Amino acid sequence: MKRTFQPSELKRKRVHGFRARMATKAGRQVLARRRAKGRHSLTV
Amino acid sequence: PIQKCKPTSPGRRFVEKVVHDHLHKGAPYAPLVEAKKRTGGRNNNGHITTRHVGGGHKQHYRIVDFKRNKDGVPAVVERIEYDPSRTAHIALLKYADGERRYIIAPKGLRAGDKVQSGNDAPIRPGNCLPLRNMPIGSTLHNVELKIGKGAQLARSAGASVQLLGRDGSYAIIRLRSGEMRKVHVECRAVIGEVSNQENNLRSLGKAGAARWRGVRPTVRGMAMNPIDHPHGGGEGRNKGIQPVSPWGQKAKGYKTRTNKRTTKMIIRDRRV
RNA sequence: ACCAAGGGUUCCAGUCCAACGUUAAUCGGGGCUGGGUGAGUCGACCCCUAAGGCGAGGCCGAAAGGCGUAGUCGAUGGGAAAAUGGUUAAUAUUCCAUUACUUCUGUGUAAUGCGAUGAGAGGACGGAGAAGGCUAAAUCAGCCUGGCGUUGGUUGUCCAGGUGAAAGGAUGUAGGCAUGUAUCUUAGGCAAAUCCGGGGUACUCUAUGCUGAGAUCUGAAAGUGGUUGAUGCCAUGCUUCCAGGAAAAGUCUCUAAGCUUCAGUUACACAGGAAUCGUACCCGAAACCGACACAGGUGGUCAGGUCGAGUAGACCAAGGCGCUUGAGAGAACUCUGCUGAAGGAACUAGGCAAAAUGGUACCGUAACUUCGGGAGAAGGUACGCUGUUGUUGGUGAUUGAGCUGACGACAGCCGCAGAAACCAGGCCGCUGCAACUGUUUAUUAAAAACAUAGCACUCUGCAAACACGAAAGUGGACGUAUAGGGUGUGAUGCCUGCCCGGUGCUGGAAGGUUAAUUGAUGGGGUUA
RNA sequence: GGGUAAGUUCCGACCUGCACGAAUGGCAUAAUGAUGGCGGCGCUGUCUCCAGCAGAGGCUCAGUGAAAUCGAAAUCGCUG
RNA sequence: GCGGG
RNA sequence: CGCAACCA
Ligand SMILES: [Mg+2]
Ligand SMILES: [Mg+2]
Ligand SMILES: [Mg+2]
Ligand SMILES: [Mg+2]
Ligand SMILES: [Mg+2]
Ligand SMILES: [Mg+2]
Ligand SMILES: [Mg+2]
Ligand SMILES: [Mg+2]
Ligand SMILES: [Mg+2]
Ligand SMILES: [Mg+2]
Ligand SMILES: [Mg+2]
Ligand SMILES: [Mg+2]
Ligand SMILES: [Mg+2]
Ligand SMILES: [Mg+2]
Ligand SMILES: [Mg+2]
Ligand SMILES: [Mg+2]
Ligand SMILES: [Mg+2]
Ligand SMILES: [Mg+2]
Ligand SMILES: [Mg+2]
Ligand SMILES: [Mg+2]
Ligand SMILES: [Mg+2]
Ligand SMILES: [Mg+2]
Ligand SMILES: [Mg+2]
Ligand SMILES: [Mg+2]
Ligand SMILES: [Mg+2]
Ligand SMILES: [Mg+2]
Ligand SMILES: [Mg+2]
Ligand SMILES: [Mg+2]
Ligand SMILES: [Mg+2]
Ligand SMILES: [Mg+2]
Ligand SMILES: [Mg+2]
Ligand SMILES: [Mg+2]
Ligand SMILES: [Mg+2]
Ligand SMILES: [Mg+2]
Ligand SMILES: [Mg+2]
Ligand SMILES: [Mg+2]
Ligand SMILES: [Mg+2]
Ligand SMILES: [Mg+2]
């Protein structure tokens, strides 16, 4: 059985990384939320 | 003419191809070719805006001279080539000053013929003249609408218009539709008929031959569910509705032209 | 056996056995303590661009924001160069040995026109099909070394092992492509050009050039010949067909501006440089995705022997393993197999499942047909080993020796059986549906459902109809009525009757009715 | 009417079409189909009717060691 | 509430 | 008999 994850590290960074989240307004809100909660890792 | 294949397979029994002998066998003229990518029928937003488009053979684009703005200088036809983007054949012209161009090939044209442009050109198939200087009754193609824009009407494989006559400052012509239109006498046209003219006797014979040309299959609206098409639904076959498009517009006889800017150029309608 | 992705120390050594390991463990991919990844040539970075993204100005939008020009990113594609042996417990095209190659700087020596953000060439590219010439590889013979066999024989027409060194450098062959050359000229190439393109002549076609495998030479105890022979090289070639088959830089030609005896350019010698990052280990896997040391999934590369058409199949090579609970017993019953008297579908909803057929050559084959088919229709005969006698194909030492491929007859011998095991079509008659190849309910439905080539109706004259968007704009289409969109039917043959009253659609326009707007009149309220 | 010893299925006709019918096409049609129905030849453990044998379990010994369920139990038959 | 016949 | 008109 082929499963859903199928990792690729370039695609991980290009969809979810720091610069992706910083390039939009809703991503900057994700980052503000995660800094207010105190997460030890901001992004993937 | 038209060749029929032997029925050695079920897929070859109904293949009828148009074969011409005078066509060039070789590569196109490289300074006049560019790259054309496929679209899948999708726009800016990435949405499908034309259904049944996708796939096909990789195709270049031959840059064709529709304006014909080298007046006085005569040319000689070098060869006639197959063009993948249109239904007509094209011709490679070599002007007397050395330049090379492509044009839509007229019907009788072969390698070695002379063509010219301008309001001084002899009345010969392949010559581009203003409608002001063309005898009444002529058969024409590659006709301009706006002055300097290039040919827009009667460009496909075997088309032609008929110059019915000039009055005031407008020529009156009859299109392949049957419509009677008027055009400004300062617009250009080419003498003759378009080349291929036997295109429509071709039979593909098999479903993959349509996919070679970038056409994807059509699903009948009758064959869907009510959430996809106004024809969807039902136990068994049924079409208890007046035919409409996927977006609700009537499909049998309802007219859709809504352009009040141009109704004065239309002289007679095609259904009158 | 080896790469990419993914993982992240699992790699190697010493030491320990609680937990972890479906049992014990002295062992381990477990715990603890140390060690281990060496590059101008491999890769990444770097130069170049595809789809796509972002986008100074700009256009659009209550705000938030959307799109897009110049640009700038983005490989999965284009762009310099290294081979053969040895060495570590663990790295090696990286270290060492020998022999190379590429590209930059300096300092010099001789010559003299160099020069783009411009123009041109090139890079530059499809599917299929073969024929030839090679090489890798395999195999036999010769040659060197060793042997003389627990049991008949084995000093030979015996046995075993070994024995064919690369990149690079010099030469230039088979094959492939284009007719080439001086002079005069020139409505073109964003302006110029000595260059590309177009014309005028004269001389040429066993002439000019270009490219390009291999072999030979060199590197360099035995170390030589044959046969077979690529999926590799010539080959980004040749033939053929229609569905007509990326871009940009590196590179080459030419001048513009710009200095102008300087700079730049190019020929050589000497002297130096080529940074940074990755490199261990796992790959049909116990280290990746599946909660597990999970019978699943996971792109690409290599891949020997006998027989064989074969990368199928049986048995082996190199290499790697016996799959982390065992020991006994040999009950019913369950699973997976093998054989079975006489009968042969009587079983069952149903021949479900099993049994059966099976290769090569030759003989032979019905209705029907769209003339291709049906058809491997159906059915039949031969096939092993030994000997003798015939034709032929390839290669070719000294015309043709040696090795090798295909086909015949005769004669004999053995068995129940010669296609020997593995491998390897069951077939025929009547009939409904759908013409056919194809698609579909990931995980109870593969079909008569969907699609299809062909047929018809209708819309659409181009700033097209149509669709997406709030708009800007985008697709249709760099298309133009033999084109494009919607709708029904569904190859082909013969065909497709009657009804316009209902609802739609198309046309018509004299009358009736009817909105905003306009406000003629009439009535009232207030008081001089 | 045919096929079987015997045929609610099959094939061929009849027409009394509850309630066929001509591009939501009508009637056929070579070839094709892991498509629906029916009949044959071969072959058989499908069956009459099961027997023997081989491997893996079952069972016994040693080691490790689950599951759903569960108000509590001192948890028999028959007739009411 | 407008025109009918 | 057609067109247009009520929100107890
Ligand atoms: Mg369509
Ligand atoms: Mg449905
Ligand atoms: Mg449904
Ligand atoms: Mg609806
Ligand atoms: Mg029904
Ligand atoms: Mg280890
Ligand atoms: Mg243990
Ligand atoms: Mg360890
Ligand atoms: Mg770097
Ligand atoms: Mg943008
Ligand atoms: Mg801006
Ligand atoms: Mg870039
Ligand atoms: Mg790459
Ligand atoms: Mg190692
Ligand atoms: Mg090819
Ligand atoms: Mg002896
Ligand atoms: Mg090399
Ligand atoms: Mg390694
Ligand atoms: Mg295991
Ligand atoms: Mg596994
Ligand atoms: Mg029996
Ligand atoms: Mg018997
Ligand atoms: Mg029975
Ligand atoms: Mg019975
Ligand atoms: Mg069966
Ligand atoms: Mg069987
Ligand atoms: Mg079908
Ligand atoms: Mg599927
Ligand atoms: Mg399913
Ligand atoms: Mg299924
Ligand atoms: Mg249908
Ligand atoms: Mg039909
Ligand atoms: Mg009809
Ligand atoms: Mg029966
Ligand atoms: Mg019907
Ligand atoms: Mg009908
Ligand atoms: Mg099929
Ligand atoms: Mg026990």
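Basis for what follows: all heavy atoms, side chains included, without hydrogens, waters or symmetry-related copies. A note on names: the letters A, B, ... follow the listed sequences, proteins ahead of strands, and every chain is numbered from 1.
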C:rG149: syn or anti, per glycosidic angle within 90° of 0: syn
Under-3.5 Å donor-acceptor pair between B:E34 side chain and C:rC478 base: yes
Nucleotide of C:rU452, D:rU24, C:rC466 approaching B:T218 most closely (side-chain heavy atoms): C:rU452
Partner nucleotide, any strand, of C:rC500 [Watson-Crick/G-U, under 3.5 Å]: none
Complementary nucleotide for C:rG405 - Watson-Crick or wobble, under 3.5 Å: C:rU392
Classification of the C:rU93 sugar, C1'-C2'-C3'-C4' positive north, negative south: south
Integer-rounded Å distance: C:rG504 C1' and B:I241 CD1: 11 Å
Charged N-O contact under 4.0 Å between B:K67 and B:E144: no
Presence of B:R220 side-chain N/O under 4.0 Å of C:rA451 phosphate oxygens OP1/OP2: yes
Basic-acidic side-chain contact under 4.0 Å: B:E186, B:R132: yes
Side-chain N or O of B:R86 closer than 4.0 Å to phosphate OP1/OP2 of C:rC478: no
Atom CZ of B:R110: over 12 foreign heavy atoms under 6.0 Å: yes
Watson-Crick/G-U partner (both atom distances under 3.5 Å) of C:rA353: none
Spacing of A:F5 atom CZ relative to C:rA291 atom P, expressed in whole Å: 13 Å
Side-chain donor/acceptor of B:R155 to base of C:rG479, under 3.5 Å: no
No-H, no-angle donor-acceptor pair, B:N199 side chain to C:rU482 base, under 3.5 Å: no
B:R101 bridged to B:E99 by N-O distance under 4.0 Å: yes
Under-4.0 Å side-chain N/O to phosphate OP1/OP2 contact, B:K94 with C:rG199: yes
Under-4.0 Å salt bridge between B:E81 and B:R79: yes
Nearest-neighbour nucleotide for the B:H60 side chain, C:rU482, C:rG6, C:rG245 considered: C:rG245
Verify stack between B:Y61 ring and C:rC478 base, 5.5 Å, 30 degrees: yes
Aromatic centroids of B:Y82 and B:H24 separated by under 6.0 Å: no
In C:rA90, glycosidic geometry as syn within 90° of 0 or anti otherwise: anti
Partner nucleotide, any strand, of C:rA178 [Watson-Crick/G-U, under 3.5 Å]: C:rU208
Gap between atoms CZ and P, on B:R38 and C:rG479 respectively (whole Å): 18 Å
Sugar of C:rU37, sorted north or south by the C1'-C2'-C3'-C4' dihedral sign: south
Donor-acceptor pair under 3.5 Å, B:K17 side chain vs C:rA243 base: no
Polar pair under 3.5 Å, donor/acceptor by atom type, side chain B:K252, base C:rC457: yes
Sugar-phosphate, base or nothing in reach of B:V244, heavy atoms under 4.0 Å: sugar-phosphate
